[PDB]
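Asker: Mind looking over this structure? Questions follow.
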Amino acid sequence: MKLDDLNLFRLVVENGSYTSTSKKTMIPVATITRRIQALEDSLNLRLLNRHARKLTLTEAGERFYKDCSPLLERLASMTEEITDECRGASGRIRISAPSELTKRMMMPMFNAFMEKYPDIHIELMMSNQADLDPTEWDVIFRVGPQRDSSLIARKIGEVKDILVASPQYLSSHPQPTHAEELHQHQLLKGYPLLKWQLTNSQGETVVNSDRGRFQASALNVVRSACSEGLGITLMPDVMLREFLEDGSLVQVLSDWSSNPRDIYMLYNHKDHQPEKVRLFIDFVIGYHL
Amino acid sequence: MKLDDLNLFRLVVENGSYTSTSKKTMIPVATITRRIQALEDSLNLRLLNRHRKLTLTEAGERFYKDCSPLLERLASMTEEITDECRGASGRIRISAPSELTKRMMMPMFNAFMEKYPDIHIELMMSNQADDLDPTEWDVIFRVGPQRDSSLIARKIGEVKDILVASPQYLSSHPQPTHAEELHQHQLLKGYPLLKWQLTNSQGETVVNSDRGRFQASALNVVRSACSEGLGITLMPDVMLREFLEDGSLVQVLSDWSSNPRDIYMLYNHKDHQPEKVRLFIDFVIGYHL
Amino acid sequence: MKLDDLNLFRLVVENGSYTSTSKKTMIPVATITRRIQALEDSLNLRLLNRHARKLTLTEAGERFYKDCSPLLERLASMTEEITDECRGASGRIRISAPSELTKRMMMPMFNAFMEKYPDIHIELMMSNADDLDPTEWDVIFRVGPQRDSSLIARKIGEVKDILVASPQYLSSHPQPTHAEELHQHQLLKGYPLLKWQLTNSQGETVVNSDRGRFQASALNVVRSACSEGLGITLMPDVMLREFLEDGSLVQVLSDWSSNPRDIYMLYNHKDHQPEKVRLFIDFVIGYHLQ
Amino acid sequence: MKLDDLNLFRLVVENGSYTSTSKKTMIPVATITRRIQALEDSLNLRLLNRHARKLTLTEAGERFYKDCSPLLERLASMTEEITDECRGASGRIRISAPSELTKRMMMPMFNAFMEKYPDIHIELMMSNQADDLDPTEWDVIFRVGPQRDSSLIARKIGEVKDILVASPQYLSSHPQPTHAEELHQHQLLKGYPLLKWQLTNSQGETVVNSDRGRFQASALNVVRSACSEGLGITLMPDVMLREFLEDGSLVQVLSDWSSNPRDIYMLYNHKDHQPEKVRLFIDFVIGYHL
Numbered sequence: 001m002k003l004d005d006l007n008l009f010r011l012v013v014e015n016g017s018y019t020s021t022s023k024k025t026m027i028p029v030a031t032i033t034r035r036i037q038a039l040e041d042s043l044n045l046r047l048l049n050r051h052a053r054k055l056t057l058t059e060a061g062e063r064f065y066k067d068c069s070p071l072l073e074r075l076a077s078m079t080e081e082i083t084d085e086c087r088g089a090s091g092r093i094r095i096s097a098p099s100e101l102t103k104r105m106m107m108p109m110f111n112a113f114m115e116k117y118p119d120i121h122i123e124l125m126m127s128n129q130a131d133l134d135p136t137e138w139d140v141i142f143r144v145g146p147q148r149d150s151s152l153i154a155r156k157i158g159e160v161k162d163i164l165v166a167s168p169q170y171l172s173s174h175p176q177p178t179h180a181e182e183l184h185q186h187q188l189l190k191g192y193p194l195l196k197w198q199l200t201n202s203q204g205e206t207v208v209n210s211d212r213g214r215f216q217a218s219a220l221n222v223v224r225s226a227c228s229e230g231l232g233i234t235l236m237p238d239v240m241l242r243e244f245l246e247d248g249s250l251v252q253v254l255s256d257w258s259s260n261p262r263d264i265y266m267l268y269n270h271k272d273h274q275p276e277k278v279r280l281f282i283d284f285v286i287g288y289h290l
Numbered sequence: 001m002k003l004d005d006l007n008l009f010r011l012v013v014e015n016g017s018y019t020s021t022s023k024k025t026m027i028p029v030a031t032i033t034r035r036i037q038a039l040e041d042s043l044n045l046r047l048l049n050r051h053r054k055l056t057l058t059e060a061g062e063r064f065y066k067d068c069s070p071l072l073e074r075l076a077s078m079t080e081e082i083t084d085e086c087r088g089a090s091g092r093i094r095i096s097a098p099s100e101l102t103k104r105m106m107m108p109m110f111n112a113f114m115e116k117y118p119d120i121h122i123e124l125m126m127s128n129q130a131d132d133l134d135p136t137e138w139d140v141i142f143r144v145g146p147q148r149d150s151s152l153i154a155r156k157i158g159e160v161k162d163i164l165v166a167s168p169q170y171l172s173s174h175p176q177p178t179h180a181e182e183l184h185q186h187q188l189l190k191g192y193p194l195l196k197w198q199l200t201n202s203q204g205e206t207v208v209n210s211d212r213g214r215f216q217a218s219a220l221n222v223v224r225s226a227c228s229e230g231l232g233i234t235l236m237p238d239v240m241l242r243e244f245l246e247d248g249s250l251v252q253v254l255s256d257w258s259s260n261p262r263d264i265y266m267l268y269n270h271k272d273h274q275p276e277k278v279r280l281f282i283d284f285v286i287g288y289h290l
Numbered sequence: 001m002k003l004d005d006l007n008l009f010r011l012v013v014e015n016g017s018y019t020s021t022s023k024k025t026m027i028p029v030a031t032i033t034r035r036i037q038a039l040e041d042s043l044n045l046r047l048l049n050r051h052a053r054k055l056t057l058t059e060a061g062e063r064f065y066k067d068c069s070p071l072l073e074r075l076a077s078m079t080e081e082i083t084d085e086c087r088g089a090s091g092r093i094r095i096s097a098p099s100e101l102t103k104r105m106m107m108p109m110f111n112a113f114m115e116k117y118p119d120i121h122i123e124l125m126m127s128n130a131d132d133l134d135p136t137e138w139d140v141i142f143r144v145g146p147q148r149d150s151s152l153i154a155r156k157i158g159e160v161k162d163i164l165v166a167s168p169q170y171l172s173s174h175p176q177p178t179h180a181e182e183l184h185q186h187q188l189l190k191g192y193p194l195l196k197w198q199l200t201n202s203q204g205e206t207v208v209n210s211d212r213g214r215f216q217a218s219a220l221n222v223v224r225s226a227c228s229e230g231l232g233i234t235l236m237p238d239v240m241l242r243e244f245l246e247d248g249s250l251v252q253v254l255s256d257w258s259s260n261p262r263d264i265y266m267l268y269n270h271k272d273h274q275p276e277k278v279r280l281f282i283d284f285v286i287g288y289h290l291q
Numbered sequence: 001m002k003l004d005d006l007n008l009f010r011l012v013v014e015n016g017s018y019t020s021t022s023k024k025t026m027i028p029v030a031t032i033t034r035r036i037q038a039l040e041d042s043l044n045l046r047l048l049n050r051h052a053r054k055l056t057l058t059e060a061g062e063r064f065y066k067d068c069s070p071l072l073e074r075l076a077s078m079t080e081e082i083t084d085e086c087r088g089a090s091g092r093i094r095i096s097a098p099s100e101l102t103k104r105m106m107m108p109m110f111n112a113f114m115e116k117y118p119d120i121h122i123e124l125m126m127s128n129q130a131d132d133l134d135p136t137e138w139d140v141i142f143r144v145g146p147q148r149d150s151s152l153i154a155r156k157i158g159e160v161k162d163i164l165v166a167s168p169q170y171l172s173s174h175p176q177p178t179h180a181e182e183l184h185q186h187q188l189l190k191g192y193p194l195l196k197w198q199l200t201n202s203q204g205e206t207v208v209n210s211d212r213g214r215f216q217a218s219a220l221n222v223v224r225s226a227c228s229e230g231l232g233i234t235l236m237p238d239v240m241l242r243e244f245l246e247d248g249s250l251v252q253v254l255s256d257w258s259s260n261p262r263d264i265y266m267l268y269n270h271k272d273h274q275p276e277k278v279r280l281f282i283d284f285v286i287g288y289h290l
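Residue numbers (the entry's author numbering), protein chains in the order written: chain B, 1 to 131, 133 to 290; chain D, 1 to 51, 53 to 290; chain C, 1 to 128, 130 to 291; chain A, 1 to 290.
Listed below in structure tokens is the structure:
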């Protein structure tokens, strides 16, 4: 009344806010705003209290969400169950990937898939660590060690993290020969490489947990700070090729190795996988890197 | 999905055809066509043959088998909730100032409840909010503004704080002429009236900050102490009506006034307000004092 | 600095709100805002984050509280136990009491005390559960058990709760002849008497947890509603006495009885204890009430 | 309280007289006399014989000084110690900035700041939803669009124009759109927050595109790469595009159709009530402007 406005209302409640819902459903905030307002205007009832930060349900809001959500869910669930069996070389694949590395590793592959399959659309959702329920997703990309899960997992690669510094910084601060000396250096750390675990040739492991001169939630900005000679950082070698090439960044502590992090493609057990998802999985497999 | 289109597909299967369904729903046949077509588009699946007796495809039979029952419960369920939620009967949550309510609000509340025996009231009282979160209340009564929300604010009354004492106290204690002489008297003070800021006829403003012989977190007990001739207090005019009229308490320093305090009513626009709350709001508005 | 401003800052933090601190310190929210602002202006540092109704502590705030709080506490405790021994029998007694029954029951006694001991002043706070720092109070009155704590406890009375309604109401609603029939009546309930537990002489107990036609956080406004013939309520007999007297309210199901609620006086053990506090305790123990 | 009068009392004892205390603290002799008496009146006790003409403490006086003065002393040393650390030009600061724009628009500045101040460390967090964050967790907040109002001081540091781009290769097989309305016939690549496209021409006509793109992402970056791969048209900040137009990997289309420009704000509490640590950052940004 309308059912889809009511179902959009359900989504808003589960994601906590309009912006959060927009990011997860890929629906513009302006459209969510409008449809929720239309619903309230049809009911003559305010379902949500909007004053930030927290969105809260009115008495009517609680009543609708409590009673109607279960059925709405079973409906969306039952529909998917049918569309998953039917067809087809068309549709939209919903993908979750780690915020970092997707740009330089995944996108080339994703772009290639959309070229081979112009009728298959992609909704890419990137969240760092993501911690998220697998069932709201067609395919999941994770980095590093995992645990059941029990989803179908396949190693599609691995990333090697190395320590680097600009020559400008190194001329000022003589480079360390032991990982323990890092405490005497300006360190630059970006998520999720905040806790450095390094092992050398003698089987000696040192763990650096310093907060660093510069700590960021993403690695690109840290990489930048490093180029400007603000200290030493730990970064995926794949992000360093260009700078190692031109020598603006140089590797340090080469005897000290950080354990390579495996790249995984995860997906749900179905026995009935939609053609769109089957096509995607097999494409990623045959793809290199 | 849309769900409303899936629901339309249901009514169509029930009624027997577009025209049949168009007559019962007043939905233009061409509309039903467009919307059923957009549904088959989203699914990339043909649900029924639009070519003359309408027949459901294997996918059509599937969708109607599983979804129709849920669509139906949901349809009646949403009907029931709205009927109750915007109905006149039901419980109402109200916040009012403690200590001033019994004398001012209760007659208004009692009258309301008598007029509307099916509307029930839950009344929380506080001297401290102000602070409390509005999303938990249908209507809020407070002293002074605001501060500051989207809540519609209506000034429905005012209180005038006056100084009183018993004939007995004034027998052994010479009545004060100037408010500065309050320093030589036994003062009875109660929250929220602790800092006495008194202005007289000539514009002279004196402030009494003395802790006072007796201090309570509520005025009503400070009132009894005053009747026992224990000293002078500052209290709302309405709480003193009878005692002033029976002689128990006599007013002093009548020319020394504090700033009047307005009583406001707070609520969200009646537009999207349940009939329960609308009736209470209007009743209060149509009420004297 | 001022040091009193700092101490107030501490008091605010420990309560975790401006409003809360206002009713607890007998200082208006406005004066509190003024002084906290003064403190931050003299420091040129922001201690609290206010705009957010949560009221958080900033880096500087966290630091000032952590390091100065212990000294402030010891200081306030020290100047207390110095003016305790050197002074007397004058001074102020901080008293905690229930909002429910104080006015009707304690005030006559409290008034009599202040009349007998003019130089002894009283700071009285009615409790909603603080809950509940004993060392902040000179004397504490509560209703019911137990708690129990390390406090010294004297039972000084009790209250019996009865069911009443106006003749007007009973005229159109014949009084109930069994506790169970309350489910069929308009009920008016006030804190802390929302859950009615009634017992007859035959051992039978019935519990009424109905939300009620009218539910309030205090009993006085409920009494008012009951007088307008709005229904049946459960209330301390001491608050109903003169209304039973004039027949404006009438008891029903005296057949059934609610558990009497004990009234206690609680105080921290100390020797020799401040003279002002001995006088009060002694006065109460020998005082005639219900 | 008043702790400050008690503290003044302490000073007097240590100085030996009102006048030597006035000379020390610059507080007028009449003021000292008035505040000491005011203290004595709140205690109803005498601490001093000011007429003695030679410092003489009462029994209460000796008691208060001996037990309290040491506490006051540590309190003064401590508040001075703490305000000294908050006025230090070092320490860590928490900064929040926009997901996509920080790298392009603000990192050069942050880098420059850290070079200038090696003892000030930066904790940087990027997010898409500037309204969903708690301002009390951050020293400085950079965000797109005006602040969901708070007590923060706001400062516009820049802005971004969102333009439409495609790769030359995409245009090889897809003739360029000459009207924003023709976008429905093209492949669109969209990324939050730019999902609903609202475009206005030089005549004030506004067209809105809410189509679901063949590719949609939670961030604009990966959208750019898809555009470079020739997968369609996208709407993106010019600051994220300029260098790709310049290297020839992208071209602008429908340039006469402008999108509502978005301002970059810098939010902070109050430069005065801020620890030197954070004030140096705010002033650095303000004058930078290089």
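By construction, the Cβ of each residue, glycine as well, lies at the ideal position given by its N, Cα and C atoms.
So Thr200 of chain A packs on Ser258 of chain A, CB below 8 Å; how close in whole Å?
Answerer: Contact flag correct, Cβ pair sits at about 6 Å.
Asker: Let's see if you can read the secondary structure: which residues bound the alpha helix (DSSP H) around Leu75 of chain A?
Answerer: Run containing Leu75 of chain A: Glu59 to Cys86, per the alpha helix (DSSP H) assignment.
Asker: Between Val222 of chain A and chain B, is there a C-beta pair that is closer than 8 Å?
Answerer: True, the Cβ-Cβ gap to chain B drops below 8 Å.
Asker: Check whether the region 123-131 of chain B and the region 171-179 of chain B touch, using three or more Cβ-Cβ pairs below 8 Å as the test.
Answerer: Not touching, per the Cβ criterion.
Asker: Chain D partners of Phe64 of chain B, CB-CB under 7 Å?
Answerer: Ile82, listed in chain order.
Asker: Could you tell me the distance, in whole angstroms, from the CA atom of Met106 of chain D to the CA atom of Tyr192 of chain C?
Answerer: Going by the C-alpha atoms only, they are around 18 Å apart.
Asker: To the nearest angstrom, report how far apart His289 of chain A and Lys271 of chain A are at their CA atoms.
Answerer: So the two alpha carbons sit approximately 18 Å from each other.
Asker: Which stretch, first to last residue, makes up the alpha helix (DSSP H) that contains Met107 of chain D?
Answerer: Note, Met107 of chain D: alpha helix (DSSP H), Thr102 to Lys116.
Asker: What residues in the region 132-155 of chain D have a beta carbon less than 7 Å from any beta carbon of chain C?
Answerer: Residues passing the 7 Å Cβ filter: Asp132.
Asker: Measure from the alpha carbon of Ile95 of chain B to the alpha carbon of each residue in B:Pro108, B:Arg224, B:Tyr268 and B:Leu250, then state which is nearest.
Answerer: Comparing Cα positions, the closest option is B:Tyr268.
Asker: Between residue 369 of chain D and chain C, is the shortest Cβ-Cβ distance under 8 Å, so that the two count as touching?
Answerer: Residue 369 of chain D cannot be examined here, being either before or after the span of chain D that is shown, 1 to 290.
Asker: Going by DSSP, what residues sit across from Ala52 of chain B in a beta bridge?
Answerer: Answer by DSSP bridge pairing: none, since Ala52 of chain B is not bridged.
Asker: For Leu280 of chain D, which residues in chain C fall below 8 Å Cβ to Cβ?
Answerer: Near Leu280 of chain D there are no residues of chain C at all, since even the closest Cβ is about 15 Å away, more than 8 Å.
Asker: Where does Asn209 of chain A sit, in a helix, a strand or coil, going by DSSP?
Answerer: Note: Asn209 of chain A maps to strand in three-state DSSP.
Asker: I'd like to know whether the C-beta of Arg35 of chain D is nearer than 8 Å to at least one C-beta of chain B.
Answerer: So, not an interface residue.
Asker: Looking at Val12 of chain A and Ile32 of chain A, is the spacing between their C-beta atoms short of 8 Å?
Answerer: In contact: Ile32 of chain A and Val12 of chain A (Cβ atoms closer than 8 Å).
Asker: Keeping to the same chain, check which residues put their C-beta closer than 6 Å to that of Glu276 of chain C; ignore five residues upstream and five downstream.
Answerer: Same-chain partners within the cutoff: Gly88 and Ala89.
Asker: Can you tell which of D:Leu241, D:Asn209, D:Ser77 and D:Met114 has its C-alpha closest to the C-alpha of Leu188 of chain C?
Answerer: The option with the nearest alpha carbon to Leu188 of chain C is D:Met114.
Asker: By the DSSP assignment, the beta strand (DSSP E) with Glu123 of chain C in it spans what residues?
Answerer: Start and end: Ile120 to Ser127.
Asker: Once you ignore the five residues that flank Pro98 of chain D on each side, which residues in its own chain have a CB closer than 8 Å to its CB?
Answerer: So the qualifying residues of the chain are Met126, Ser127, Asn128, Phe142, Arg143, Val144 and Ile264.
Asker: Under 8 Å, with one C-beta from each stretch per pair, do the region 222-239 of chain C and the region 48-60 of chain C reach the 3-pair mark?
Answerer: They do not touch, by the three-pair rule.
Asker: Please report the distance separating the alpha-carbon of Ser69 of chain B from that of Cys86 of chain B.
Answerer: Distance between the alpha carbons of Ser69 of chain B and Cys86 of chain B: 26 Å.
Asker: Let me know the secondary structure DSSP gives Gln147 of chain D once reduced to three states.
Answerer: It is coil, neither helix nor strand.
Asker: If you drop the 5 nearest sequence neighbours on each side, which residues of the same chain put their C-beta closer than 6 Å to that of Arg35 of chain C?
Answerer: Excluding sequence neighbours, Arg35 of chain C sits near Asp5 and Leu8.
Asker: What residues from chain D crowd round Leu45 of chain B, counting only those whose CB sits closer than 9 Å?
Answerer: Within chain D, the residues near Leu45 of chain B are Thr83, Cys86, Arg87, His273, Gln274 and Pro275.
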